[PDB]
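Read the single chain below, which is given as structure tokens and is the form deposited in one PDB entry.
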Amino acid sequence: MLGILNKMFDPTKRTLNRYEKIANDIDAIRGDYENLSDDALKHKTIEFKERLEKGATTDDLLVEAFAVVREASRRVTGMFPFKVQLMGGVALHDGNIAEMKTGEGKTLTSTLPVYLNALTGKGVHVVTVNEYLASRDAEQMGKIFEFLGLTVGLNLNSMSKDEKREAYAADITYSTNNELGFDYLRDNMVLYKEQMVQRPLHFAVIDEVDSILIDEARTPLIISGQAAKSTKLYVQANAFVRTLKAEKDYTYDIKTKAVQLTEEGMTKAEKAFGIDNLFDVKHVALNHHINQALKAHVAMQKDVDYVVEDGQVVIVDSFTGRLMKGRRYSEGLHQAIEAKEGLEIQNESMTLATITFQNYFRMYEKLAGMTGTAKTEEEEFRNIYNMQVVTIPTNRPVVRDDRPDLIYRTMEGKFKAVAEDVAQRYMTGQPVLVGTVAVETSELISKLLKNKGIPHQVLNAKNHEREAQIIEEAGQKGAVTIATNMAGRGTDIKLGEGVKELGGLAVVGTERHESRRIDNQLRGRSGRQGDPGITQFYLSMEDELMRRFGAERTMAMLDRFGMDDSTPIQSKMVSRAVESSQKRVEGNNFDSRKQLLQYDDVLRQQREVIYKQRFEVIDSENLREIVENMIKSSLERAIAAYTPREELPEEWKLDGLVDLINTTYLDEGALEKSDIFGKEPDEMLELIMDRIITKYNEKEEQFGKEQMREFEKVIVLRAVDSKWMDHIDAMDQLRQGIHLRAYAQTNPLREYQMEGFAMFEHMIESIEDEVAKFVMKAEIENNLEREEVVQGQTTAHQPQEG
């Protein structure tokens, strides 16, 4: 720009120059490889790999690296990258978004940085919107990479875990956004390490980021799994439980523990015919429902903790006495209560795992992406991904004619106009392309065309290969192509035979989309590098975009001023009002994504601890140390509840504690009055922990010295996985229940944070506790084999924008 205002381009002007000097350094040495041999060239990679091992940086080798690649492509494809393509490659390397207008060779450009980053062998995921472009690029682009001696994998959902492990093994992997994600998810549900298919997330070059990081990021990736109609269990448990009432089934006050352990309920229990006394089989599974419906009666009173209703069982906020929006009790206790109060026990499907693209891609050591339309959403890339948009220069000056939107007062009038323009160009040999926005809009015009007798093709996005075919020849003389929302994005339309003189392509936008970015992509399709073209947009006062801006007043000045008469109009002021309309929409959607991410941030911080721990567990040569560590933490919690805020030291009720530990961590008479006496809550922990150590040792030599290792692993996993999947479901439930009754003037998010976290802390205590109770008092029988907690089949999906 000219004048004062030119400074909003200074940080972009200083950067784009680093990049111009650099691309010049790269062109400077075309000679250094130009005349060389194919094999001398491949040795470069090795030379670099070594050079790096010795201590160089990807940045140092950048120029040469790009040179080598620049060379490799000409040899392999016959294209020697332009100085602009070089500039883009660098942007990508620097971790930014390469905004390189449609037709600049983004595919090829990706190779430069892809290669340079791959060298370390850390891996590089090149990502795309669909399985077609993935395979296409991996094939075409693989040749260049392979030629310079690099492995190239392709990930598809149609591949075995083994096939995937293979593809991720490569120095470079191509795949869809969805595939990547789901794998990362499945990857953290795995029972044995070797089942994971992914390698630590290094660097992702996202092809068409706008579509990926923005469009397909309005919702999250979820993984569901239904519950096996298990109602018979709960009801049964519920029923049985209310039999054993006695102090010979121990409850708690200072703790809230329904201890079944009594031979009344340990005998009268197996009387429910629990295949006798199988503890590791049953106790893990069955004994879990007992202890639930056991507590459901004893610890959870009707109108003090919860409330019954025609809308099921609700919780009550103590101290406020409110109805906890969308919150349930952990570990199926909610269902046990429903059974105790006879209510319909809901057996819905669970969300076993979730992450949002935002949080996913944010996970790589480095991210970069490319596209022809991005400056539009720069605030978002800078905000959410810390990626600055760099608008790369065009190879050849753009010379396409972009036409100001023509306004109409009616749809059918508008449409009929679109249909004529098509004809005009068709009756000239010019190839036209019309962009609709909805399936209906496309067939409409199609029929308008067949009536008028104009040969055409229609794209309604199905098996992208077939359309990609159609679209490439969509630039010939008899070209008349109809695109429903850019159906063939990625495949470029090259200027037809003899078509040059007929003008350019001339695209026709039937209407305008919510996002400029998109109708700007439509524009993009013509002028492929200095080519001529005409981009005409058509608009009507009755378009949804219009009748959503609150533009009735204007639909009236038209009418009231006899305007629908002169019909074809071009008011800078109405068009500027369209853009603002678009800006408002885009922003609303941004606000949406911002909120989605925010809610998932509570989850990410939680995933961090769980995912990291779960992994830690699955690599356990020396597991026990954690176990004891968790048992010590579990134990300390007891001691603390029994030695509250200084409430008279050795007058703490040092007997119930004794009785508890005794029958919680050990087996009856083990710990007694005397032992724990006149000692700080601290001293006690060690003494008492020491006997848990002692007993643990005893267990290592009496039931299998190293099977214990996997026993540990088995249990710690059963625990972890069961508690977590549950919580996550509870969290996905709450995230969408909390938005119901929130007069607290607090932004609901904070509630989800606080409640979400609270819950989490509980779960940890549960895990830590379950682990401790089992690693002590549980008994082995046949096979100590790790077992899946997911019941039946799973389902990996992304929800439609709701």
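Throughout, we count residues from 1 along the sequence that is shown.
Keep in mind the form deposited with a partner chain bound is missing from the figure; the text below concerns it.
Proximity of residue 703 to the partner chain in the bound PDB entry: non-hydrogen atoms within 4.5 Å are present. In the bound PDB entry, the partner chain lies farther than 4.5 Å from every heavy atom of residue 200. Though the partner is left out of this view, residue 683 does not reach within 4.5 Å of the partner chain in the bound PDB entry, counting heavy atoms only. A residue is said to contact a partner when one of its heavy atoms sits within 4.5 Å of a partner heavy atom; residue 668 meets this definition for the partner chain in the bound PDB entry.
A single residue from the set 699, 517, 136, 713 has any heavy atom within 4.5 angstroms of the partner chain in the bound PDB entry; that residue is 699. Listed stretches are 660 to 668, 167 to 175, 431 to 439, 88 to 96; the contact stretch with the partner chain in the bound PDB entry is 660 to 668, by a heavy atom cutoff of 4.5 Å.
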